[PDB]
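Protein chains in written order, with the authors' numbering: chain A, 5 to 33, 36 to 43, 46 to 54, 57 to 595, 629 to 792; chain C, 5 to 375; chain B, 4 to 79, 86 to 97, 100 to 150. The beta carbon of each residue, even a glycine, is placed where N, CA and C say it ideally should be. What follows is a single structure, written as C-alpha cells, with notes after it.
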Ligand SMILES: C/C1=C\[C@H](C)C[C@H](C)OC(=O)C[C@H](c2ccc(O)cc2)NC(=O)[C@@H](Cc2c(Br)[nH]c3ccccc23)N(C)C(=O)[C@H](C)NC(=O)[C@@H](C)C1
Ligand SMILES: Nc1ncnc2c1ncn2[C@@H]1O[C@H](COP(=O)(O)OP(=O)(O)O)[C@@H](O)[C@H]1O
Ligand SMILES: [Mg+2]
C-alpha cells in the first residue's frame, strides 16, 4: 500500500496543528513507527489512518488543487512555504484566489505588472490580484455580461487594499485616470463609511458590520466613467445593545471625545460612559487609538468628499440627539401605562436639539395611536413597550442617516454619462463564531452560508461546462448542496421565522422560543442539535463548523417596530434642513430586524445573480500583526472561516488533477517500455495506464486532458520513484564493484 | 399569500387583511328590502341592499339582521353579506385568500358546519378556520391568562383561560346584549311619551344608546338624585331636528346588565356570572383570574362599566386579594385584532383546514380540527 | 568454492589484510567480494554481515574461514539495459544528469567516485553511449 518504509505522514500537536513524520516500517493490518525531523509510536483506533504527505514535486505549485492528497496539512504546508519561504502571497484554489496579507508592503502592486498581465490568459502567470481583474475586465469585453469580484475575511486581512489595487488596475488599463479619477474619491470615501460602518468586536477592533458594494461604470470604449456605491446587511441591533468588550459604532465615541471642543458646545456631550447606549460595553477606549484626533480626519474626509459643514454639524446634531434619546428614562404609573417625570433633563435637551416641542414627544413616547378607518384611539403602553419603541426609533434614525450619507457619497461619485456596462467589487464579513454567539453572529452566518450556496453552484456549473468541452459524462461529477441548511434558517418554520413569531405572540420569551425550536426541529433534522447541558441554546451545523447560539438576548434584539406618529413629530421640525429630509421617500415599520435582513440579503443576491462573480479570500496569518510571521492555528481558523477548506473537500471528491498527454509523457515514459510504445499518444497512455492502475473508475481519458482522482498522481510518482531508485542502486553497485576490482589490481601490483 | 380575517356578530361586521392593525371594512350586518311600491320608472330598483347603503336608504326600507344572538337564522340573506364583504368592500377575490371566521362558544353545531360548507362550495375559499371570539381577546390584550368577559350584540359570555388552556366546564353564556338593552331602552323611553316601533326607528334608539347612556357607580343614589334635580338630564336631536330630553333613564338602561331582573330574566348580572365562572375553576388558578379581567365587544364601552365592576366584584370578592379590570379603548375591535395576530402566526399555518381534507372527510372535519 | 578457487580467494583476501593478523575488517568484506566478482548492495552486505554495529564494523576482524560462508551467501541483462534506457531516446545520456542521479539517489556515492568511473566515457556534447558504458562496467 501507499504507506511504506521511507514514506511520510502528519500528526496532531498542541502548538501547531500538523507535524511531519516518517514511517520506519511498512504498515500491515496497532502501532506505527515514526521519526521526527525524537522517535514516536503513533497508534490507531476507530478504523482510521493518518494524512499521507504529498510527493515533493507538487508542493509549491501555483494551485492547491494540483496536489494529490488534498487535506488540511497539505493546504497549510503549501501556503506556509509560499508565504514565509518564497514571499509569494497570492495563491489559487479552484478559481478562488487566496491572499495572505503581509503587513510589510511589497513591490508587486507597481504599475509595470499591470501592463504585463493585461494580455495574458488566466493560467499563464504567477497568480496575483491583477490576474483576477485581468479576467473580469477581459470577460466584460469578450461577452456582454457584467462581472463582480467578491472579497471575504476578517476586517484586519487586507480587503480594502485588495479593492484599492483592483480599482487601480482598471484605471490604468483604461488609460484614463488623468482624464478623471474616481480612485482618489472612492479611497477618500473610506473614513466616513468606516466611521458609520464599523465597531470594536471582541476578536478584533475595527470590525466592519455591513456588506459594502461598489459599482464602476465604463464607457462604450471601456474607459472608466464613474463609480456608484451601494450598501447591504447593516447591523441595526448594535446601535442600542452591545456585548461586553464591544463598542457602539465608532462615531458615537469620536463625537463624545470632542465634547471639550466649543464647535459642539451646544450638544452637552459627556464622557462616553454617561450615555446608556455607549456605556453598556464597559469599554470606552479602543487600545492604541486616540479618538479625539481621528474625529478631525473624519470631518476632513467628509469635506473632501463634498459635504458642506452645514450638513456635517446637522449630522452631529442628530447623533447627539440619538444619545440624549438614549438617556431618556421612563417610570411606570401602573403596570399597563408609563410616564415621564417633570422637566426630565435628557428629553428636555433632546427636544431642543431636534427642535420639536416638549409636549408632543412627551405624549407620543408614553402613548401609542391606533387609527381605524373611521376613528382614532390614543392608547397607553407599558414601560417595556415604551423602551422597545424608543430603541426602534433610534435604530430607524441611524439607518436613515446611514442611507443618506451613502446617497451623498454617491452624489459626489455618481457622474452621469450613459453607462454601457459595469464591474462590481464587494466586501463582506467572513463566517463568524466566538465563545459566545448571538443574533448578530446568527445573521452573519446566514449571509455567509447563502453566499456559499451561490459559490458552490457556480463552481459546479463551471466544471460541468468544462467537462462539456471534453465529452465526459456528468455522472462522474456530483453537485454538493447546502439547501438542507438554508431551508432550516430561511424557510417558513425556520429559526428566523419562529423568532418573528415569538415577537408577535403574547408574553413571548427566549425560553418559550427555544422550546418551540426543539419541538419543531430537534428530532427531525440532522443539522439542528440541542446542547446537552443547557436548554438556553441550540446548535446549527454549517459548512465550516458546528456553532452554538445563545438564546439569552436573541428575542430582545429582533424587535423593531416604529410608531408612525413618533417619526411624524421629528418630520415636523422647522429647526434645521436635514431631519425633515432623512425620513423622506408604510408597512416596513412593522418589519422585525430579522425580516429586514433577510430582505436586504435577497436584494443583494438578486444584485449578484445578474452577474458572473469572481472570488478573492483574505486570511490574517498572525494574530499580532507581525511584519512577517505565520501562526498555524490562526491560519487554520481563518481557512475554516473563509470556507477554502470546504471548497477543497468538495473538489477532492472530484477529478481534481488533470494532465496534458505531452506533458504527462515527460515524467511517465520513464516507467514505460519504448519497445511497446505506440506512435499515437492518447492510445499510448490508454494502454499504459490500464497496466499501471488497477481500476478504470479512477481515471478518465479526454480529448486533450486526462483526469485522475485524488490519490493517484501520488501513487504513480511513488512507483516511478521506486523503479528509478532501484535501477540507480543497480548501476551504483556495479560501478563500485568495477572500481574495487581495479583497486584489487592495485593490490596485485 | 396573505389571509382574510373576518368577524360577524349580530352587530357590525368587522373584516380586513391579516397583519393590519384595524379592520379595512366595517359596516352594519344588515340586509334590507323595499316595502313600498316602486313608483318611479327607471328608479334603478334593486332587489336588496347591504350595509352602509341600507343605512342611508333605510327610511324607504325594512331592515332585518340575519344573525340573532350568535346564530345565523336565514342563510341566503347572510350569503349576500359575505358576497358584499369580499367583492364590494374588500374588492378581493376569495379564491386566493385563506379566511378566518369567529363564532361564539356553545353555538349550535349546524351553524359552524353550514358556514364551512358555504365557504368551500360557494366561494371556493382555499382554506378556512373558525375561532372562539373569547380566545382572540387574549391575543389582543397581550396575555395568556385571564377570564375574558365578551359582550356585544347577540351573545355575552365568560370564558376563563389559564396559561394557554381553556376550561370548557367553566364557560358561561348569556344573552343580555346591546340588542336587548336596545329593546329595553325603547320600552322605558315609552314612559316619557316617546315611541319607536319600526326597525329604522330602532336604529335611532341604538344611536341614543351609544351617545347618551352611562353606568352609575352606585344606582340608588343616582336614581334618587335625578328625581331630586334636573342636572342629570340631557337632550339629543332626531334626524329631522326635533329634540328630545332624556332623564334618569339614560343610566337606568345599562343597569339591566347588572340586574337582568328588569328585562324579565332570572339571571345574575355579568359581575356575578363572572364570579360564578371563577368559582368553577380551581383555587390553583383563581388568584390570577382575579388579577386579570379583559373586556371585549361593543356593550363594554359604556362609560364607567369598568369601575362599577371593580367595585361590585371587590365587595363580593374575598377581601384581601387585589381585583383588577383591564379595558383597552380598542376593545370594540379587539376580537378582530386578535384574529389579525392569530392568522399571522407561523405555527398556525399547519392548522388551516384545506380544500383537500374537506373533500376527503366532508364538513364534519371542522369540529375535529377547530375545537 | 573448490580448492583452486579457495586459493585464489585466499590470496586476494591476504592482499586486503592491512594488519598482518590474517584477517580483514567487516567493512572490507564487501570490497573483497566485489574484487572477487560479486556485486552486492550495501543492504545485502549489511544483511549477510548480520546488521553489525558501527564499532564491530570498524574494528572487529574476521579470518578467511568465517568470511567464506558470507562470500558464498552473497554469491547465492535486459533489466540492466532498461535501467540505462531510463536515462536515454537517441541512445545518449547527459553527463550532468547521470552525475546528479548517481550522487543524489539510491546509495549515494561521492562526486569523485562518479568522476573516476565516468572519466573518458562522455563525449564533447557530454553524452554517454550507455550500451558501451554498460558493456564496459560488465567486463
Ligand atoms: C321550543 C324550544 C326550542 C326551539 C324553538 C326548537 C327548535 C327545533 O330548535 C332548533 O333546532 C331551532 C334553532 C336552531 C337554529 C339554527 C340552527 O342551525 C339549528 C337550530 N335554535 C333556536 O331557535 C334557539 C336559539 C338559541 C338561543 Br336564544 N340561545 C341558544 C344557545 C345555544 C344554542 C341555541 C340557542 N332558541 C331560540 C331556543 O332554543 C329557545 C330559547 N328554546 C325554547 O324556548 C325552549 C322552550 C325549547
Ligand atoms: N360607544 C358605545 N357605547 C355603548 N354601546 C355601543 C357603543 N358602540 C357600539 N355599541 C353597541 O355595541 C353593539 C355591537 O357590539 P359589537 O361587539 O361591536 O358587535 P360584534 O359582536 O358584531 O363585534 C351594538 O349594540 C352597538 O350599538
Ligand atoms: Mg363581537
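Counting only Cβ pairs nearer than 7 Å, list the residues of chain C close to residue 380/A. Within 7 Å Cβ-Cβ: 25, 26, 334.
Is there a Cβ of chain B sitting closer than 8 Å to that of residue 776/A, yes or no? Closer than 8 Å: yes.
Interface residues of chain A facing residue 127/B [CB-CB closer than 7 Å]: Per Cβ cutoff of 7 Å: 782.
Beta carbons nearer than 7 Å to chain A: which residues of the region 103–121 of chain B have them? Result list: 112, 113, 116, 117, 118, 120.
Beta carbon of residue 689/A, beta carbon of residue 536/A: below 8 Å? Cβ distance not < 8 Å, so residue 689/A and residue 536/A don't count as in contact.
Just to make sure I have the definition right: I need the residues of chain B whose C-beta is within less than 8 Å of the C-beta of residue 45/A. Which are they? You won't find residue 45/A in this model, because chain A goes from 43 right to 46.
Heavy atom of ligand 1 within 7 Å of residue 330/C beta-carbon: Not so, every heavy atom of ligand 1 lies at least 7 Å from the Cβ.
Between the C-alpha atoms of residue 687/A and residue 658/A, what's the straight-line distance to the nearest angstrom? Annotation: residue 687/A to residue 658/A spans about 11 Å, alpha carbon to alpha carbon.
Between which two residues does the beta strand (DSSP E) holding residue 378/A run? Run containing residue 378/A: 377–381, per the beta strand (DSSP E) assignment.
Assign residue 263/A to one of two classes, buried (16 or more other C-beta atoms within 10 Å of its C-beta) or exposed (fewer than that). Residue 263/A should be labelled buried.
Residues in the region 691–720 of chain A with C-beta within 8 Å of chain B's C-beta atoms, listed in sequence order? Answer in chain order: 713, 716, 717.
Using a Cβ-Cβ distance under 8 Å, would residue 768/A count as near chain B? Using a CB distance cut-off of 8 Å, residue 768/A counts as an interface residue toward chain B.
Sorted by chain position, which residues of the same chain lie with C-beta nearer than 7 Å to residue 279/A's C-beta, five sequence neighbours on each side aside? Only residues of its own chain outside the window of five on either side were considered, and among them 265, 266, 269, 330 have a CB closer than 7 Å to the CB of residue 279/A, listed in chain order.
Contacts of residue 147/C in chain A (Cβ-Cβ under 8 Å): Correct list: 516, 517.
Residue 584/A and residue 167/A closer than 8 Å at C-beta: Going by C-beta atoms, residue 584/A is not nearer than 8 Å to residue 167/A.
Does at least one heavy atom of ligand 2 sit under 7 Å from the Cβ of residue 344/C? Of the heavy atoms belonging to ligand 2, none sits nearer than 7 Å to the Cβ of residue 344/C.
When you compare the CB of residue 772/A with every CB in chain B, is at least one pair closer than 8 Å? Residue 772/A counts as touching chain B.
By how many angstroms is the C-alpha of residue 140/C removed from the C-alpha of residue 304/C? Note on geometry: alpha-carbon atoms of residue 304/C and residue 140/C lie some 16 Å from one another.
If you compare alpha carbons, which of 40/B, 42/B, 60/B is closest to residue 30/B? Ranked by Cα distance from residue 30/B, the options 40/B, 42/B, 60/B are led by 60/B.
Along the region 9–30 of chain A, what residues have a CB closer than 7 Å to any CB found in chain B? The region 9–30 of chain A vs chain B, Cβ under 7 Å: nothing.
What residue ranges within the region 731–790 of chain A form continuous beta strand (DSSP E) runs of no fewer than 3 residues, ordered along the chain? Every unbroken stretch of the beta strand (DSSP E) spanning 3 or more residues and falling wholly within the region 731–790 of chain A is given here in chain order: 742–744, 748–751.
At 4 residues or longer, and completely inside the region 481–527 of chain A: list those alpha helix (DSSP H) runs for me, N to C. Within the region 481–527 of chain A, the complete alpha helix (DSSP H) segments at least 4 residues long are 493–499, 505–514, listed from N- to C-terminus.
Opening and closing residue of the alpha helix (DSSP H) in which residue 643/A lies: In the DSSP assignment, residue 643/A falls within the unbroken alpha helix (DSSP H) covering 636–651.
If the cut is a Cβ gap below 9 Å, which residues of chain A does residue 353/C touch? Neighbours of residue 353/C in chain A, taken as residues at a C-beta separation under 9 Å, are given in chain order as 502, 503.
Between the CA atoms of residue 719/A and residue 16/A - distance to the nearest angstrom: Their backbone Cα atoms lie some 47 Å apart in a straight line.
Looking only at its own chain, which residues have a Cβ that is under 8 Å from the Cβ of residue 793/A, when we skip the five neighbours before and after it? As displayed, chain A neither begins before 5 nor continues past 792, which places residue 793/A out of reach and without an answer.
Span of the alpha helix (DSSP H) holding residue 199/A? Here the alpha helix (DSSP H) through residue 199/A covers 193–207.
Where residue 159/A sits in the DSSP three-state scheme: Looking at residue 159/A - three-state DSSP - the assignment turns out to be strand.
Opening and closing residue of the beta strand (DSSP E) in which residue 713/A lies: For residue 713/A, there is no enclosing beta strand (DSSP E), since its DSSP letter is neither H nor E.
Determine the chain C residues that contact residue 507/A at a beta-carbon separation under 8 Å, and present them in chain order. Simply 350.
Below 8 Å between beta carbons: does that hold for residue 671/A and residue 114/A? Contact flag set, yes.
What does the Cβ neighbour count give for residue 629/A, buried or exposed, with the cut at 16 atoms within 10 Å? Exposed, since its Cβ has fewer than 16 Cβ neighbours within 10 Å.
Is the CB-CB distance between residue 179/A and residue 433/A below 8 Å? Their beta carbons are not under 8 Å apart, which means residue 179/A does not touch residue 433/A by this criterion.
Suppose you measure from the CA of residue 565/A to the CA of residue 512/A; what does that come to, to the nearest Å? Answer to the nearest angstrom: the Cα atoms are 7 Å apart.
According to DSSP, is residue 364/A helix, strand or coil? Correct three-state label for residue 364/A: helix.
To the nearest angstrom, how far is the alpha carbon of residue 451/A from that of residue 218/A? Approximately 13 Å between the Cα atoms of the pair.
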